[PDB]
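Structure below is final00.txt: compact mmCIF, C-alpha atoms.
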# COMPACT_ATOMS: atom_id res chain seq x y z
CA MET A 1 74.37 83.88 83.76
CA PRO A 2 76.87 82.80 86.46
CA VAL A 3 79.37 85.07 84.69
CA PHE A 4 80.91 85.66 88.12
CA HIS A 5 84.53 85.03 87.17
CA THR A 6 85.61 86.99 90.25
CA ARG A 7 84.97 86.61 93.98
CA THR A 8 83.80 90.22 94.22
CA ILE A 9 81.63 90.20 91.10
CA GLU A 10 80.13 87.01 92.51
CA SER A 11 79.33 88.43 95.94
CA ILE A 12 77.68 91.32 94.09
CA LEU A 13 75.53 89.47 91.56
CA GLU A 14 75.03 86.26 93.54
CA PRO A 15 72.21 87.39 95.89
CA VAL A 16 70.11 88.73 93.00
CA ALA A 17 71.18 85.92 90.68
CA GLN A 18 69.47 83.52 93.08
CA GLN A 19 66.18 85.41 93.26
CA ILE A 20 66.10 85.31 89.46
CA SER A 21 66.46 81.52 89.48
CA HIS A 22 63.34 81.25 91.62
CA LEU A 23 61.26 83.47 89.32
CA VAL A 24 62.24 81.23 86.40
CA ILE A 25 61.95 78.07 88.49
CA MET A 26 58.53 79.09 89.82
CA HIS A 27 57.25 80.63 86.59
CA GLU A 28 57.90 77.20 85.08
CA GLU A 29 55.66 75.42 87.59
CA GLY A 30 52.96 78.01 87.07
CA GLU A 31 53.30 79.48 90.55
CA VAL A 32 54.74 82.78 89.35
CA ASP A 33 51.69 84.03 87.46
CA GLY A 34 49.85 83.01 90.61
CA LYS A 35 49.90 85.87 93.12
CA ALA A 36 48.61 89.36 92.34
CA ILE A 37 51.78 91.38 92.99
CA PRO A 38 51.70 94.98 94.34
CA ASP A 39 52.84 98.02 92.37
CA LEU A 40 56.38 97.75 91.03
CA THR A 41 56.24 101.29 89.65
CA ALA A 42 58.37 102.56 92.54
CA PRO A 43 61.05 99.83 92.73
CA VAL A 44 61.33 99.59 88.94
CA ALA A 45 61.87 103.35 88.96
CA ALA A 46 64.83 102.73 91.25
CA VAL A 47 66.60 100.13 89.11
CA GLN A 48 65.96 102.40 86.13
CA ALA A 49 67.84 105.11 88.00
CA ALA A 50 70.50 102.70 89.25
CA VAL A 51 71.13 101.51 85.70
CA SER A 52 71.50 105.09 84.48
CA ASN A 53 74.31 105.73 86.97
CA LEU A 54 75.99 102.42 86.17
CA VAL A 55 75.85 103.26 82.47
CA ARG A 56 77.04 106.81 83.14
CA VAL A 57 80.12 105.64 85.04
CA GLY A 58 80.89 102.96 82.46
CA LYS A 59 80.67 105.70 79.85
CA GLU A 60 83.27 107.72 81.75
CA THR A 61 85.40 104.63 82.33
CA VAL A 62 85.62 104.27 78.55
CA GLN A 63 86.23 108.01 78.23
CA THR A 64 89.31 107.94 80.45
CA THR A 65 90.73 104.42 79.91
CA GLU A 66 93.70 103.81 77.60
CA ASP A 67 92.68 100.18 77.10
CA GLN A 68 91.34 99.88 73.56
CA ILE A 69 89.74 96.51 74.29
CA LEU A 70 87.76 97.84 77.24
CA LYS A 71 87.01 100.88 75.10
CA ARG A 72 85.18 98.69 72.58
CA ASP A 73 83.80 95.96 74.85
CA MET A 74 82.10 98.13 77.46
CA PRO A 75 79.62 100.08 75.24
CA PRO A 76 77.60 96.93 74.37
CA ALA A 77 77.34 95.94 78.03
CA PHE A 78 75.68 99.33 78.35
CA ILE A 79 73.15 98.66 75.62
CA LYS A 80 72.41 95.24 77.10
CA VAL A 81 71.48 96.46 80.58
CA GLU A 82 69.80 99.49 79.02
CA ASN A 83 67.26 97.61 76.88
CA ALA A 84 66.96 94.77 79.40
CA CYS A 85 65.93 97.53 81.77
CA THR A 86 63.15 98.59 79.40
CA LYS A 87 61.70 95.09 79.36
CA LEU A 88 61.69 95.36 83.15
CA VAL A 89 59.81 98.66 82.98
CA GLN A 90 57.34 97.29 80.43
CA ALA A 91 56.53 94.34 82.69
CA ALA A 92 55.86 96.78 85.54
CA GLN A 93 53.24 98.54 83.43
CA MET A 94 51.77 95.26 82.19
CA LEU A 95 51.41 94.29 85.84
CA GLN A 96 50.10 97.68 86.96
CA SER A 97 47.23 96.97 84.59
CA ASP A 98 46.81 93.24 85.24
CA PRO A 99 48.55 91.77 88.33
CA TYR A 100 48.13 88.34 86.74
CA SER A 101 49.68 88.79 83.30
CA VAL A 102 51.83 85.76 82.48
CA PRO A 103 53.57 87.61 79.65
CA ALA A 104 54.40 90.42 82.07
CA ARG A 105 56.20 87.79 84.13
CA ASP A 106 57.97 86.75 80.94
CA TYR A 107 59.33 90.28 80.56
CA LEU A 108 59.80 90.59 84.32
CA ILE A 109 62.14 87.60 84.01
CA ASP A 110 63.83 88.25 80.67
CA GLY A 111 64.53 91.77 81.91
CA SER A 112 65.99 90.75 85.26
CA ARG A 113 68.33 88.40 83.46
CA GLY A 114 69.28 91.15 81.03
CA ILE A 115 70.12 93.48 83.91
CA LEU A 116 72.07 90.82 85.78
CA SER A 117 73.80 89.69 82.59
CA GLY A 118 74.66 93.19 81.39
CA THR A 119 75.95 94.09 84.83
CA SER A 120 78.12 90.97 84.73
CA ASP A 121 79.60 91.80 81.33
CA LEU A 122 80.16 95.37 82.49
CA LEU A 123 82.13 94.36 85.58
CA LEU A 124 83.88 91.40 83.93
CA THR A 125 85.02 93.53 81.00
CA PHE A 126 86.31 96.23 83.33
CA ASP A 127 88.08 93.70 85.55
CA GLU A 128 89.78 91.99 82.60
CA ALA A 129 91.30 95.36 81.74
CA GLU A 130 92.65 95.49 85.28
CA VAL A 131 94.24 92.08 84.77
CA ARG A 132 96.03 93.47 81.72
CA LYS A 133 97.45 96.16 84.01
CA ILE A 134 99.00 93.37 86.05
CA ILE A 135 100.27 91.55 82.96
CA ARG A 136 101.89 94.79 81.82
CA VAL A 137 103.64 95.28 85.17
CA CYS A 138 104.84 91.67 85.10
CA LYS A 139 106.06 92.03 81.52
CA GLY A 140 107.94 95.05 82.86
CA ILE A 141 109.69 93.13 85.63
CA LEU A 142 110.53 90.45 83.08
CA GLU A 143 112.33 93.05 80.97
CA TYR A 144 114.40 94.61 83.76
CA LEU A 145 115.43 91.18 85.06
CA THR A 146 117.54 90.78 81.93
CA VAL A 147 119.18 94.12 82.69
CA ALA A 148 120.75 92.30 85.63
CA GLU A 149 123.15 90.73 83.14
CA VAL A 150 124.86 94.03 82.32
CA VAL A 151 125.45 95.05 85.93
CA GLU A 152 129.24 95.10 86.29
CA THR A 153 129.79 97.37 89.30
CA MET A 154 128.60 98.04 92.88
CA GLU A 155 127.20 101.33 91.70
CA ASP A 156 125.26 99.49 89.00
CA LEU A 157 124.06 96.98 91.57
CA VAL A 158 122.89 99.84 93.79
CA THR A 159 120.93 101.32 90.88
CA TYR A 160 119.51 97.99 89.76
CA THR A 161 118.26 97.02 93.22
CA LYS A 162 116.82 100.51 93.66
CA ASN A 163 114.78 100.00 90.49
CA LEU A 164 113.83 96.32 90.68
CA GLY A 165 112.74 96.83 94.29
CA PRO A 166 109.77 99.12 93.48
CA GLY A 167 108.38 97.17 90.52
CA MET A 168 109.09 93.98 92.42
CA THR A 169 106.92 95.56 95.10
CA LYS A 170 104.09 96.68 92.82
CA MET A 171 103.61 93.32 91.12
CA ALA A 172 103.79 91.72 94.56
CA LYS A 173 100.95 93.93 95.79
CA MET A 174 98.98 93.38 92.59
CA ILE A 175 99.29 89.59 92.75
CA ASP A 176 98.16 89.74 96.37
CA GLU A 177 94.78 91.33 95.66
CA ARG A 178 94.66 89.24 92.51
CA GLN A 179 94.88 85.75 94.08
CA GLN A 180 92.11 86.80 96.50
CA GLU A 181 89.59 87.52 93.75
CA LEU A 182 90.25 84.24 91.94
CA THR A 183 87.39 81.72 91.93
CA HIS A 184 89.42 78.56 91.28
CA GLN A 185 91.83 77.04 93.81
CA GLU A 186 94.30 75.63 91.27
CA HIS A 187 94.85 79.09 89.76
CA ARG A 188 95.16 80.77 93.14
CA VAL A 189 97.79 78.24 94.23
CA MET A 190 99.96 78.64 91.14
CA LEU A 191 99.54 82.42 91.27
CA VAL A 192 100.49 82.45 94.96
CA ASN A 193 103.21 79.79 94.92
CA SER A 194 104.87 81.26 91.84
CA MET A 195 104.87 84.80 93.25
CA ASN A 196 106.37 83.51 96.46
CA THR A 197 109.27 81.90 94.56
CA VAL A 198 109.92 85.22 92.85
CA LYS A 199 110.02 86.80 96.31
CA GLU A 200 112.34 84.08 97.62
CA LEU A 201 114.77 84.42 94.71
CA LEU A 202 115.02 88.23 94.63
CA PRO A 203 117.54 88.39 97.51
CA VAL A 204 119.27 85.41 95.91
CA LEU A 205 119.49 87.24 92.59
CA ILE A 206 121.05 90.21 94.36
CA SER A 207 123.61 87.96 96.05
CA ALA A 208 124.60 86.30 92.79
CA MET A 209 125.08 89.83 91.46
CA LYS A 210 127.15 91.06 94.40
CA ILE A 211 129.27 87.92 94.30
CA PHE A 212 129.82 88.27 90.57
CA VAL A 213 130.35 92.03 90.54
CA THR A 214 132.77 91.38 93.40
CA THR A 215 134.53 88.18 92.36
CA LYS A 216 134.97 89.93 89.02
CA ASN A 217 136.37 92.87 90.93
CA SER A 218 138.35 90.48 93.05
CA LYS A 219 140.21 89.94 89.76
CA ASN A 220 141.76 86.47 89.30
CA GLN A 221 139.07 84.29 90.83
CA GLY A 222 136.49 81.68 89.69
CA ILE A 223 133.89 83.78 87.70
CA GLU A 224 132.29 81.30 85.18
CA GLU A 225 130.23 80.07 88.13
CA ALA A 226 129.10 83.40 89.58
CA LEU A 227 127.90 84.16 86.06
CA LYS A 228 126.09 80.84 85.71
CA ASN A 229 124.51 81.27 89.14
CA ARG A 230 123.39 84.81 88.33
CA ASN A 231 121.98 83.80 84.95
CA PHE A 232 120.13 80.90 86.57
CA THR A 233 118.27 83.00 89.13
CA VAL A 234 117.49 85.41 86.31
CA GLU A 235 116.06 82.46 84.37
CA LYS A 236 114.19 80.96 87.33
CA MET A 237 112.57 84.26 88.28
CA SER A 238 111.78 84.93 84.62
CA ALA A 239 110.11 81.52 84.40
CA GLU A 240 108.03 82.10 87.53
CA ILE A 241 106.91 85.46 86.18
CA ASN A 242 105.75 83.78 82.97
CA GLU A 243 103.69 81.25 84.90
CA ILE A 244 102.04 84.26 86.53
CA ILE A 245 101.43 86.03 83.23
CA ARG A 246 100.20 82.74 81.78
CA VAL A 247 97.83 82.07 84.67
CA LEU A 248 96.45 85.62 84.76
CA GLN A 249 96.25 85.25 80.99
CA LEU A 250 94.23 82.04 81.22
CA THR A 251 91.83 83.48 83.80
CA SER A 252 91.10 86.62 81.64
CA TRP A 253 91.12 86.73 77.85
CA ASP A 254 87.52 87.20 76.50
CA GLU A 255 88.09 86.43 72.78
CA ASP A 256 86.42 89.38 71.32
CA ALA A 257 89.83 90.92 71.02
CA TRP A 258 91.27 88.87 68.17
CA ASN B 563 86.45 103.11 88.19
CA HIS B 564 86.37 101.33 91.43
CA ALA B 565 82.93 102.90 91.45
CA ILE B 566 81.66 100.86 88.61
CA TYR B 567 81.46 98.29 91.36
CA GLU B 568 79.58 100.85 93.43
CA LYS B 569 76.87 101.53 90.85
CA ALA B 570 76.84 97.80 90.10
CA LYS B 571 75.84 97.18 93.72
CA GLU B 572 73.07 99.76 93.38
CA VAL B 573 71.52 98.17 90.29
CA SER B 574 72.09 94.77 91.87
CA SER B 575 70.21 96.06 94.92
CA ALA B 576 67.35 97.75 93.07
CA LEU B 577 66.78 94.62 90.98
CA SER B 578 66.72 92.78 94.31
CA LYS B 579 64.02 94.92 95.92
CA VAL B 580 61.92 94.55 92.77
CA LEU B 581 62.40 90.78 92.76
CA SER B 582 61.52 90.45 96.45
CA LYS B 583 58.37 92.51 95.89
CA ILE B 584 57.10 89.48 93.98
CA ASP B 585 58.23 87.05 96.68
CA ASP B 586 55.78 86.12 99.43
CA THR B 587 54.20 82.68 99.10
CA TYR C 567 132.79 101.98 99.28
CA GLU C 568 129.40 102.22 100.99
CA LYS C 569 128.32 100.76 97.66
CA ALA C 570 128.04 97.22 99.02
CA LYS C 571 126.51 98.66 102.19
CA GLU C 572 123.97 100.68 100.20
CA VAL C 573 123.12 97.82 97.82
CA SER C 574 122.19 95.77 100.88
CA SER C 575 120.39 98.59 102.67
CA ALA C 576 118.37 99.25 99.51
CA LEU C 577 117.49 95.57 99.11
CA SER C 578 116.44 95.46 102.76
CA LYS C 579 114.03 98.39 102.41
CA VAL C 580 112.56 96.65 99.36
CA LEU C 581 112.17 93.21 100.93
CA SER C 582 110.42 94.84 103.89
CA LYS C 583 107.96 96.34 101.41
CA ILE C 584 107.55 93.07 99.51
CA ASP C 585 106.64 91.84 102.99
Would you put the structure from the file into structure tokens?
Amino acid sequence: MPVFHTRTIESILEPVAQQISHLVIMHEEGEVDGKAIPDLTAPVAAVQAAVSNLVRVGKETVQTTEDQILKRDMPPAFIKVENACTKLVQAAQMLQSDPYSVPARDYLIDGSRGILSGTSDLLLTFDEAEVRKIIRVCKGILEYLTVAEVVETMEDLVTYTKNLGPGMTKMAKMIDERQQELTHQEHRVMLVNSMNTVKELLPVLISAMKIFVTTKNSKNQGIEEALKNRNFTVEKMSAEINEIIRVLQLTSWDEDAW
Amino acid sequence: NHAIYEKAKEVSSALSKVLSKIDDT
Amino acid sequence: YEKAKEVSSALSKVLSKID
């Protein structure tokens, strides 16, 4: 299936996904069981090897990973491609005997779709775990942002900026690659626009902090405003970050996790 | 990890060769 | 204090990275 919910996963399974459409499209007209195809004992031996490596890696991915969802969603994707691969092999034999078998073409098709489908699930499941890595980072920035309300000195400000800076950088780099892989404009825009705002406001949030931490130091000066202006940027940025979490959340949540 | 995509390209390629070995006319 | 100077300098280095 067109389970290409990513621009990379798409560019990977698209080419072969097309060829499969033909086989089904042609096998429907009766033009598939037509030709007497050569020996697929060599090529089918390749995919059988290719699938073994894919499965192997996926098995390791689960081994290492800390993501419990990916830990329990990957294994099946393995089984899928694994037995869909056997149908592929079977068809190769059926054809090695009779290059005209229409049921061999049935397996030849059902198997190709199983390989392409399983591969999709595999990648998609893995990717969704990567999206949760982003969500985590964002949820981290969200937390520290509130810490900006307890900063009462220049030394605190120095520390705060030193900390926010890095995470602010990581989530910025993560959202960058992220928006590129998206397959829907609307999402990409929000993701991009929202992250930009966060970038725009960061220096503003630091100003509001310096002004406050200073005006408060400059004792005997209007401070109910500096506070309000600092708490606003904190709120604005926090809101933008939630739109990001929400978007990333909408574009990856596979409901087997309830 | 970022290999899963590697092996995925290999199975996506093998399946391709097999499919195109049935394509001709 | 270089505090205000450092706070800025630190924010600068960060913004350049965010860039």
>> Taking all atoms listed in the file into account, find every residue of chain A that has an atom no more than 10 Å from chain C, and write it out as a list in words.
In response: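 Contact residues on the first chain: residues 153, 154, 155, 156, 157, 158, 159, 160, 161, 162, 163, 164, 165, 166, 167, 168, 169, 170, 171, 172, 173, 199, 200, 202, 203, 206, 207, 210 and 214 of chain A.
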>> Counting all atoms listed in the file, which residue out of A:113, A:42, A:71, A:30 sits closest to residue 2 (chain A)?
In response: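 Closest candidate: A:113.
One finds CA of residue 4 (chain A) at 21.3 Å from CA of residue 83 (chain A).
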> Just how far from CA of residue 122 (chain A) is CA of residue 61 (chain A), in Å to one decimal?
Replying inline: 10.6 Å
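The coordinates place CA of residue 572 (chain B) at 19.7 Å from CA of residue 76 (chain A).
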> Could you name the residues that touch region 108-110 of chain A at 7 Å or less, counting only C-alpha atoms, but leaving out those on the same chain fewer than 5 positions away, as a PyMOL selection string?
Replying inline: chain A and resi 23-24+87-88+91
> Of the residues A:62, A:245, A:95, A:20, which is the one nearest to residue 190 (chain A), using only C-alpha atoms?
Replying inline: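 Using only C-alpha atoms, the shortest distance to residue 190 (chain A) belongs to A:245.
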>> Neighbouring residues of region 576-586 of chain B were defined as those with any atom within 10 Å, considering only C-alpha atoms; residues of the same chain fewer than 4 positions away were excluded. Please report them as a ChimeraX atom specification.
In response: /A:13,15-20,22-23,32,35-51,85,88,92,108-109,111-113,115-116 /B:570-572
Emit as JSON the padded axis-aligned box for all listed atoms of region 141-153 of chain A, 5 Å per side, with centre and edge lengths in Å to one decimal.
{"center_x": 119.7, "center_y": 93.9, "center_z": 85.1, "size_x": 30.1, "size_y": 16.9, "size_z": 18.3}
>> Residues within 7 Å of residue 566 (chain B), please, as a list in words. Count all atoms listed in the file; anything in the same chain fewer than 3 positions from it doesn't count.
In response: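 Those residues are residues 54, 57 and 58 of chain A; 563, 569 and 570 of chain B.
Checking A:240, A:10, A:225, A:98 one by one against residue 34 (chain A), counting only C-alpha atoms, you find the shortest gap at A:98.
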